[PDB]
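Side-chain atoms are counted along with the backbone in the values below, which use heavy atoms only and exclude waters and symmetry mates. Residue indices begin at 1 and follow the sequence shown. Remember, it's 1-based here, ligands and their atoms both numbered in the order they're listed.
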Amino acid sequence: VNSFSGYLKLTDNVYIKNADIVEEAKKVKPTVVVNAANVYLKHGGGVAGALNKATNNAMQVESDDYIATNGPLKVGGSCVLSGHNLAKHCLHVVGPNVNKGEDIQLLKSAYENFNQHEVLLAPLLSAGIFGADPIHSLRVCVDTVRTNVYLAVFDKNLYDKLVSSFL
Ligand SMILES: CC1(C)CCN(c2ncnc3[nH]ccc23)[C@H](CO)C1
């Protein structure tokens with residue numbers, strides 16, 4: 001039993017909800033919140049910009065030190081950093097950005113990072129400003145993630161389309 005509330009169950013291990021991931025994380029304070037990151041961990045907009053804003057830019061400060069030490073992530077890769085005031089940990093995961101011409105096949109690799117964590121709060125990878133089809137992203141999530149994932153979808157209209165079209 002966990003403290004996630006109001007989710008629709010899609011499969012044995014995938015759940016979904018219309019919610020602002022920032023407000024969700026502040027309420028649940030989950031062990032792991034997933035950020036829709038880029039390789040440089042520059043958290044300017046989308047989920048990343050919103051999560052970083054909620055931390056008063058502490059996420060960005062920590063991220064810049066990480067990059068200065070380690071260099072950029074791989075597309076499809078991830079790193080674990082602090083969750084600051086939002087969660088114990090933040091798993092920064094880089095899904096492909098279609099608006100950069102990045103291979104959508106790397107979306108499965110991106111979701112594989114979730115399997116290293118028993119329970120996660122997450123957005124749909126490569127959705128929003130990353131330019132991928134969110135229905136496809138949900139399909140890959142369900143077919144790749146085996147651990148318990150709680151998906152927050154900010155847009156109410158998009159949430160209804162995701163549920164009504166879920167196979
Ligand atoms: C098209 C989208 C709705 C754009 C916004 N995205 C978010 N999802 C959940 N929580 C969020 N907080 C801030 C942003 C955000 C989604 C990521 O796929 C897709």
Side-chain angles (χ1 to χ4, degrees), residues 3-10 14-60 63 73 75-78 81 83-87 89-114 117 119-145 148-166:
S3 61
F4 289 101
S5 174
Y7 283 76
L8 181 68
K9 184 166 177 59
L10 295 178
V14 177
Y15 291 80
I16 193 168
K17 181 183 182 180
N18 171 230
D20 183 346
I21 191 169
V22 168
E23 292 309 320
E24 272 296 288
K26 285 193 286 186
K27 181 73 174 185
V28 176
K29 309 222 200 307
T31 303
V32 180
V33 67
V34 173
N35 182 31
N38 58 51
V39 296
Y40 309 108
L41 304 177
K42 291 303 188 192
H43 309 302
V47 169
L51 289 174
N52 177 58
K53 187 185 173 182
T55 76
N56 184 43
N57 210 50
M59 178 180 285
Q60 191 64 68
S63 293
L73 296 179
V75 179
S78 70
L81 291 172
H84 300 276
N85 51 318
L86 304 177
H89 305 284
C90 179
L91 181 69
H92 296 271
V93 180
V94 183
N97 189 324
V98 176
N99 305 317
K100 298 178 177 176
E102 296 175 347
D103 188 6
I104 194 59
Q105 307 303 310
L106 290 165
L107 187 54
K108 188 172 184 74
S109 301
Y111 275 118
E112 287 171 343
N113 295 286
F114 289 25
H117 305 275
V119 183
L120 316 86
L121 170 63
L124 287 166
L125 296 180
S126 299
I129 71 178
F130 280 64
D133 176 10
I135 300 180
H136 177 67
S137 183
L138 176 57
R139 186 75 258 162
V140 179
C141 180
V142 163
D143 293 341
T144 305
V145 180
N148 290 328
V149 57
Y150 289 82
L151 294 169
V153 179
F154 176 58
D155 193 78
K156 170 57 176 169
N157 287 328
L158 174 59
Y159 169 79
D160 286 344
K161 187 187 181 192
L162 287 167
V163 169
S164 293
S165 57
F166 183 73

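Of the inter-residue distances, the one linking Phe130 atom CZ with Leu124 atom CG reads 12.5 Å to the nearest 0.5 angstrom.
Sorted by chain then number, the residues whose non-hydrogen atoms approach ligand 1 to under 4.0 Å are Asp20, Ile21, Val47, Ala50, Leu124, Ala127, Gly128, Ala152, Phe154, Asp155.
The side-chain hydrogen bond (donor to acceptor under 3.5 Å, both in side chains) contacts involving residues 119-136 comprise nothing, where partners must be two or more places apart or lie in separate chains.
Annotation: salt bridge (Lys or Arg N to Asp or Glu O under 4.0 Å) contacts of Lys26 (sequence neighbours excluded): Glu23. Scored by the salt bridge (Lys or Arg N to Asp or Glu O under 4.0 Å) test, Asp143 finds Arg139 as partners (sequence neighbours excluded).
Tested against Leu120, the residues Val34, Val33, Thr31, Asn148 include a single side-chain contact (heavy atoms from CB on, under 4.5 Å) partner, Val34.
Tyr150 and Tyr15 have parallel rings, their planes meeting at less than 30° on a 0 to 90° scale where 60° marks the start of perpendicular.
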